[PDB]
Protein chains: 4
Amino acid sequence: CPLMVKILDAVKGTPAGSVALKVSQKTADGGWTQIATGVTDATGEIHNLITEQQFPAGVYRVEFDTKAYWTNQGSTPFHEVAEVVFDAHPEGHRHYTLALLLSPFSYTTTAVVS
Amino acid sequence: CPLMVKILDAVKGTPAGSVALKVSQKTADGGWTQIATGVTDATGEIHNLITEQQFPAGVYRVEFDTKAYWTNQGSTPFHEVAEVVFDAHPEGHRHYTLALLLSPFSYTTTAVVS
Amino acid sequence: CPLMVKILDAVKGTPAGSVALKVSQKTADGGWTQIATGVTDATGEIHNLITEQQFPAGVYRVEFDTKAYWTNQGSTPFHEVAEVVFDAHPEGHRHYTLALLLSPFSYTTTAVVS
Amino acid sequence: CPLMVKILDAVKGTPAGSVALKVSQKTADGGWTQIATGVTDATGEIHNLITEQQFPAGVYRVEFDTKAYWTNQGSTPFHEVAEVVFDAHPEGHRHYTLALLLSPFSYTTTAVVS
Ligand SMILES: CC(C)(c1cc(Br)c(O)c(Br)c1)c1cc(Br)c(O)c(Br)c1
Ligand SMILES: CC(C)(c1cc(Br)c(O)c(Br)c1)c1cc(Br)c(O)c(Br)c1
């Protein structure tokens with residue numbers, strides 16, 4: 001699997017479970033095609049999000065529903081959504097882990113690229 | 001001005017100058033209307049980016065072109081853009097500062113709301 | 001003033017007011033001399049924390065009492081303090097801004113150096 | 001093992017290998033006893049840093065030699081050292097992972113607490 005996520009809650013110091021997300025691929029004319037959805041498990045991860053066959057080079061977007069996560073935690077959030085938009089270069093079995101650190105008014109998006 | 005940005009370069013320890021961005025307002029059918037653009041000055045800011053009248057309550061997207069910033073610095077970045085999406089409640093001259101901390105494979109988006 | 005701080009609360013989206021800190025200068029035998037203290041104002045800052053004359057070249061530690069800040073907010077933090085340790089080169093009126101972003105289980109320490 | 005680390009390089013998007021660190025425990029009179037050293041492997045981790053027997057409750061400090069890491073990467077760093085100072089509450093087999101995101105002029109210290 002070429003695309004994984006790891007989400008941590010910076011208020012509690014635990015993985016962020018039950019965070020919903022959507023994965024989209026940019027079209028040539030600049031639009032977006034949704035290709036996958038998922039929800040983090042209690043470890044802040046999702047397994048088998050997409051396959052290598054679904055992951056050519058190009059621009060991708062992962063939308064994390066952080067506003068719902070914070071509302072359910074009981075904290076008013078700033079962001080309406082957490083969008084991570086990146087260029088993928090899969091040639092060579094390069095894998096990507098999108099790491100995300102969440103606070104109600106702040107998040108950090110990092111990548112670990114194999 | 002109710003919407004400010006402050007961008008920092010975490011590699012150099014300086015404000016991120018000459019970063020292009022665009023501000024868009026969400027439409028009823030889920031689209032986006034571009035309402036302002038600019039390029040940060042040497043302090044990582046854009047003075048007077050939008051007016052009170054241009055900033056009614058609603059969802060906004062500020063798209064920062066971080067890729068070109070890094071290319072110009074000589075690095076190969078992960079993200080295509082930095083996205084900050086939020087619901088604005090400008091009543092009472094409430095003000096929004098979008099702080100952004102940039103590294104080639106990571107950024108942090110923080111909000112300072114009056 | 002050559003040494004400034006700017007502290008933000010990532011839970012609330014506001015500057016972190018009423019954070020105690022201490023500034024220490026490293027000694028030859030590896031010890032630490034306290035040279036200044038203060039408490040941030042409502043903008044997350046301490047105006048005029050030290051003078052030019054108090055800030056010769058050398059290694060400094062700024063210790064922020066983030067634990068008590070969080071206890072007072074009602075959260076149970078991870079860190080005992082936030083530590084920022086750096087070698088200062090104040091020649092030419094070079095200025096240092098210590099930016100600090102706080103959550104109960106995470107902080108980011110960034111430097112803006114002129 | 002009750003204390004682990006995970007270090008990422010935010011410039012390259014890879015784990016930070018070969019980062020040296022020292023672990024110390026605070027004494028009653030406010031001093032420090034070094035109890036362990038280590039160096040991250042190519043995954044940014046260290047295994048078997050300390051034992052549970054070595055890890056009573058108390059104040060601990062992990063000093064990461066990030067200045068040497070950045071010098072060897074070829075980038076001038078801001079911080080002289082990255083110090084993570086925390087209260088440990090091991091009762092119940094609670095484990096701690098110190099996560100660290102490194103840029104030359106910025107780092108983020110987070111904890112994952114089981
Ligand atoms: C404290 C705050 C929000 C900040 C707000 C304003 Br306005 C400033 O001018 C500066 Br200087 C700092 C900040 C921003 C970023 Br970006 C950081 O990486 C970290 Br750490 C802290
Ligand atoms: C989610 C978390 C805590 C993480 C924990 C483990 Br354990 C991992 O192996 C990986 Br990868 C990520 C993390 C860490 C850093 Br350093 C970050 O900059 C961000 Br954003 C998130």
Side-chain angles (χ1 to χ4, degrees), chain B residues 4-21 39-46 61-86 96-113, chain D residues 4-21 39-46 61-86 96-113:
Chain B
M4 279 67 58
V5 307
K6 182 64 171 193
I7 314 178
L8 298 182
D9 178 325
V11 175
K12 283 167 49 193
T14 69
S18 289
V19 180
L21 63 80
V39 174
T40 58
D41 59 29
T43 76
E45 299 177 20
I46 299 170
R61 169 182 79 186
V62 188
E63 184 167 289
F64 301 82
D65 190 348
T66 51
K67 184 178 184 179
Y69 177 81
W70 287 121
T71 306
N72 179 77
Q73 295 286 313
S75 295
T76 56
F78 177 69
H79 302 93
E80 168 88 359
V81 292
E83 300 278 18
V84 180
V85 185
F86 66 105
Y96 294 84
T97 300
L98 309 188
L100 190 67
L101 177 64
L102 308 177
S103 308
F105 269 70
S106 188
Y107 63 84
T108 301
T109 161
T110 303
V112 185
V113 184
Chain D
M4 292 132 298
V5 308
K6 182 77 177 183
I7 317 186
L8 311 177
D9 177 320
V11 169
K12 280 167 14 192
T14 64
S18 292
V19 179
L21 59 82
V39 74
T40 60
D41 65 20
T43 75
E45 301 175 18
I46 296 163
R61 170 179 86 179
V62 181
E63 305 171 73
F64 299 87
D65 190 353
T66 56
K67 180 176 183 190
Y69 175 81
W70 282 118
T71 302
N72 176 90
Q73 287 298 300
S75 295
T76 306
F78 177 73
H79 302 86
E80 191 74 352
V81 62
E83 294 192 359
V84 182
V85 186
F86 66 97
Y96 294 89
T97 296
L98 304 182
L100 193 63
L101 179 69
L102 302 185
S103 307
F105 273 65
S106 184
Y107 63 80
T108 297
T109 162
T110 315
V112 189
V113 183

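Quick note on labels: first sequence line is chain A, next is B, and so on, each numbered from 1.
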Fill in: salt bridge (charged side-chain N to carboxylate O under 4.0 Å, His left out) against D:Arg61, all qualifying residues, sequence neighbours excluded
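Per chain and number, D:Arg61 pairs via salt bridge (charged side-chain N to carboxylate O under 4.0 Å, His left out) with D:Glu63.
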Worksheet item: Looking only at heavy atoms, which of residues 96-109 of chain D get nearer than 4.5 Å to chain B?
Response: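 Residues D:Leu101, D:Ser103, D:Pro104, D:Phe105, D:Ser106 are the ones that qualify, each having a heavy atom under 4.5 Å from chain B.
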Worksheet item: Taking only heavy atoms into account, what residues of residues 71-85 of chain B are found under 4.5 Å from chain D?
Response: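 The residues closer than 4.5 Å to chain D amount to none at all.
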Discussion item. Non-hydrogen contacts under 4.5 angstrom with chain D: give the residues of residues 9-20 of chain B involved, or none if there are none.
Written reply: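 Within residues 9-20 of chain B, near chain D: B:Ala10, B:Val11, B:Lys12, B:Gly13.
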